[PDB]
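Shown next, in structure tokens, is the structure this report addresses.
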Amino acid sequence: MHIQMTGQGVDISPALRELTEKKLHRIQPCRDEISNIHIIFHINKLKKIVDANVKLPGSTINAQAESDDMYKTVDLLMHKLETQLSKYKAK
């Protein structure tokens, strides 16, 4: 799996980078069918938004989540991804 991370107006800390990596490597179902994941971190005032673009064979998943804490946001985005992956699998 190929993971690209971009901080838009924000510097992705090493810890946040590692945390996001290991959680993506845990995601399911159909994780091994994923070719590319591009993650974009950004903040809008107090909002810690994390956005993700995931490429599977034949389709693409776009998911976004936000909170007051970037680490918490990542966690939220994973649940949205898993949901979207489960729909993908169900099709």
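Residues are named by chain letter and number: chains run A, B, ... in the order of the structure tokens, numbers start at 1 in each chain, and ligands are numbered from 1 in the order shown.
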Which residues are near stretch 45-60 of chain A? Cut-off 8 Å, only C-alpha atoms, ignore same chain within fewer than 6 positions. Put them as a PDB file with N, CA, C and O atoms, in the first residue's frame.
```pdb
ATOM      1  N   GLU A  33      -6.673  -4.455  -1.193  1.00  0.00           N
ATOM      2  CA  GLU A  33      -7.118  -4.085  -2.529  1.00  0.00           C
ATOM      3  C   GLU A  33      -6.862  -2.608  -2.785  1.00  0.00           C
ATOM      4  O   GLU A  33      -7.038  -2.118  -3.901  1.00  0.00           O
ATOM      5  N   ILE A  34      -6.438  -1.905  -1.739  1.00  0.00           N
ATOM      6  CA  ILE A  34      -6.105  -0.491  -1.838  1.00  0.00           C
ATOM      7  C   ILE A  34      -4.730  -0.291  -2.466  1.00  0.00           C
ATOM      8  O   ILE A  34      -3.750  -0.907  -2.045  1.00  0.00           O
ATOM      9  N   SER A  35      -4.659   0.578  -3.468  1.00  0.00           N
ATOM     10  CA  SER A  35      -3.400   0.869  -4.138  1.00  0.00           C
ATOM     11  C   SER A  35      -2.773   2.155  -3.607  1.00  0.00           C
ATOM     12  O   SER A  35      -1.603   2.168  -3.224  1.00  0.00           O
ATOM     13  N   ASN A  36      -3.555   3.230  -3.589  1.00  0.00           N
ATOM     14  CA  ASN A  36      -3.072   4.532  -3.133  1.00  0.00           C
ATOM     15  C   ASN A  36      -3.958   5.190  -2.080  1.00  0.00           C
ATOM     16  O   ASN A  36      -5.184   5.221  -2.206  1.00  0.00           O
ATOM     17  N   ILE A  37      -3.323   5.734  -1.052  1.00  0.00           N
ATOM     18  CA  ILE A  37      -4.020   6.540  -0.065  1.00  0.00           C
ATOM     19  C   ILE A  37      -3.329   7.886   0.051  1.00  0.00           C
ATOM     20  O   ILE A  37      -2.147   7.953   0.389  1.00  0.00           O
ATOM     21  N   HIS A  38      -4.058   8.958  -0.237  1.00  0.00           N
ATOM     22  CA  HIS A  38      -3.517  10.295  -0.054  1.00  0.00           C
ATOM     23  C   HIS A  38      -4.269  11.009   1.063  1.00  0.00           C
ATOM     24  O   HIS A  38      -5.474  11.242   0.965  1.00  0.00           O
ATOM     25  N   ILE A  39      -3.546  11.337   2.129  1.00  0.00           N
ATOM     26  CA  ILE A  39      -4.122  11.985   3.299  1.00  0.00           C
ATOM     27  C   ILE A  39      -3.722  13.453   3.364  1.00  0.00           C
ATOM     28  O   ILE A  39      -2.574  13.808   3.101  1.00  0.00           O
ATOM     29  N   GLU A  66     -13.466  15.685  11.362  1.00  0.00           N
ATOM     30  CA  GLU A  66     -12.912  16.831  12.072  1.00  0.00           C
ATOM     31  C   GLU A  66     -13.201  16.777  13.568  1.00  0.00           C
ATOM     32  O   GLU A  66     -14.140  16.121  14.007  1.00  0.00           O
ATOM     33  N   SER A  67     -12.383  17.482  14.338  1.00  0.00           N
ATOM     34  CA  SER A  67     -12.556  17.593  15.782  1.00  0.00           C
ATOM     35  C   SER A  67     -11.576  18.628  16.315  1.00  0.00           C
ATOM     36  O   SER A  67     -10.888  19.286  15.547  1.00  0.00           O
ATOM     37  N   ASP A  68     -11.518  18.777  17.632  1.00  0.00           N
ATOM     38  CA  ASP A  68     -10.626  19.756  18.245  1.00  0.00           C
ATOM     39  C   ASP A  68      -9.220  19.199  18.415  1.00  0.00           C
ATOM     40  O   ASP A  68      -8.314  19.895  18.875  1.00  0.00           O
ATOM     41  N   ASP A  69      -9.046  17.937  18.044  1.00  0.00           N
ATOM     42  CA  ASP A  69      -7.769  17.262  18.226  1.00  0.00           C
ATOM     43  C   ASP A  69      -7.426  16.420  17.005  1.00  0.00           C
ATOM     44  O   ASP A  69      -8.196  15.547  16.605  1.00  0.00           O
ATOM     45  N   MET A  70      -6.260  16.684  16.422  1.00  0.00           N
ATOM     46  CA  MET A  70      -5.858  16.029  15.184  1.00  0.00           C
ATOM     47  C   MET A  70      -5.771  14.513  15.327  1.00  0.00           C
ATOM     48  O   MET A  70      -6.151  13.772  14.421  1.00  0.00           O
ATOM     49  N   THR A  73      -9.183  13.174  15.372  1.00  0.00           N
ATOM     50  CA  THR A  73      -9.747  13.274  14.031  1.00  0.00           C
ATOM     51  C   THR A  73      -9.354  12.078  13.171  1.00  0.00           C
ATOM     52  O   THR A  73     -10.187  11.507  12.469  1.00  0.00           O
ATOM     53  N   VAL A  74      -8.077  11.711  13.223  1.00  0.00           N
ATOM     54  CA  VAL A  74      -7.584  10.550  12.488  1.00  0.00           C
ATOM     55  C   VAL A  74      -8.413   9.327  12.837  1.00  0.00           C
ATOM     56  O   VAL A  74      -8.875   8.600  11.957  1.00  0.00           O
ATOM     57  N   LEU A  77     -11.738   9.451  11.167  1.00  0.00           N
ATOM     58  CA  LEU A  77     -11.651   9.232   9.727  1.00  0.00           C
ATOM     59  C   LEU A  77     -11.520   7.749   9.396  1.00  0.00           C
ATOM     60  O   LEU A  77     -12.003   7.293   8.359  1.00  0.00           O
TER      61      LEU A  77
END
```
Would you kindly return, as an MDAnalysis selection string, each protein, DNA or RNA residue with an atom no farther than 10 Å from any atom of residue A:30, considering only C-alpha atoms and excluding same-chain residues fewer than 2 positions away?
chainID A and resid 27:28 32:34 56 82 85:86 88:89
Extract, using only C-alpha atoms, all DNA, RNA and protein residues at most 12 Å from residue A:23, discarding same-chain residues fewer than 5 positions from it, and format them as a compact mmCIF listing (two decimals) with N, CA and C atoms, in the first residue's frame.
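And here is the file that came out, out.txt:
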```
# COMPACT_ATOMS: atom_id res chain seq x y z
N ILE A 3 1.12 5.23 0.76
CA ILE A 3 0.51 6.30 1.55
C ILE A 3 1.25 7.62 1.37
N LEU A 16 2.34 11.97 14.84
CA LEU A 16 1.05 11.93 14.16
C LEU A 16 1.18 11.15 12.86
N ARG A 17 2.36 11.21 12.26
CA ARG A 17 2.63 10.51 11.02
C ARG A 17 2.68 9.00 11.26
N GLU A 18 3.35 8.60 12.33
CA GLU A 18 3.44 7.19 12.69
C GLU A 18 2.08 6.65 13.09
N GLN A 28 -9.84 -2.22 7.59
CA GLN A 28 -10.50 -3.31 6.89
C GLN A 28 -11.99 -3.01 6.79
N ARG A 31 -8.47 -4.07 2.71
CA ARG A 31 -7.30 -3.20 2.77
C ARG A 31 -6.28 -3.54 1.69
N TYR A 71 -5.26 14.06 16.47
CA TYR A 71 -5.16 12.63 16.73
C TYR A 71 -6.55 11.99 16.80
N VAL A 74 -8.08 11.71 13.22
CA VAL A 74 -7.58 10.55 12.49
C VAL A 74 -8.41 9.33 12.84
N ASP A 75 -8.61 9.12 14.13
CA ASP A 75 -9.39 7.99 14.63
C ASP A 75 -10.78 8.00 14.01
N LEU A 76 -11.40 9.17 13.95
CA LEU A 76 -12.74 9.31 13.37
C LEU A 76 -12.75 8.98 11.89
N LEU A 77 -11.74 9.45 11.17
CA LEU A 77 -11.65 9.23 9.73
C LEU A 77 -11.52 7.75 9.40
N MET A 78 -10.86 7.00 10.28
CA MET A 78 -10.71 5.56 10.08
C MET A 78 -12.06 4.86 10.09
N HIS A 79 -12.94 5.25 11.01
CA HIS A 79 -14.28 4.67 11.10
C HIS A 79 -15.08 4.97 9.84
N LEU A 81 -13.78 5.55 6.90
CA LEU A 81 -13.15 4.74 5.86
C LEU A 81 -13.65 3.30 5.90
N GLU A 82 -13.62 2.70 7.09
CA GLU A 82 -14.06 1.32 7.25
C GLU A 82 -15.50 1.15 6.79
```
Where does DSSP see alpha helix (DSSP H) in chain A, if you list the residues as JSON, numbers by chain?
{"A": [14, 15, 16, 17, 18, 19, 20, 21, 22, 23, 24, 70, 71, 72, 73, 74, 75, 76, 77, 78, 79, 80, 81, 82, 83, 84, 85, 86, 87, 88, 89]}
Which residue is closest to residue A:5? Choose from A:87, A:25, A:20, A:61 and count only C-alpha atoms.
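Of A:87, A:25, A:20, A:61, the one nearest residue A:5, counting only C-alpha atoms, is A:20.
Between atom CA of residue A:22 and atom CA of residue A:4 there is a distance of 13.6 Å.
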Stretch 31-88 of chain A: residues DSSP assigns to strand (DSSP E), reported as a PyMOL selection string
chain A and resi 36-44+47-56+59-65
Could you please determine the separation between atom CA of residue A:7 and atom CA of residue A:72 in Å, to one decimal place?
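Calculated distance between atom CA of residue A:7 and atom CA of residue A:72 is 16.4 Å.
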Quick one: distance from atom CA of residue A:14 to atom CA of residue A:40 in Å, one decimal?
14.8 Å
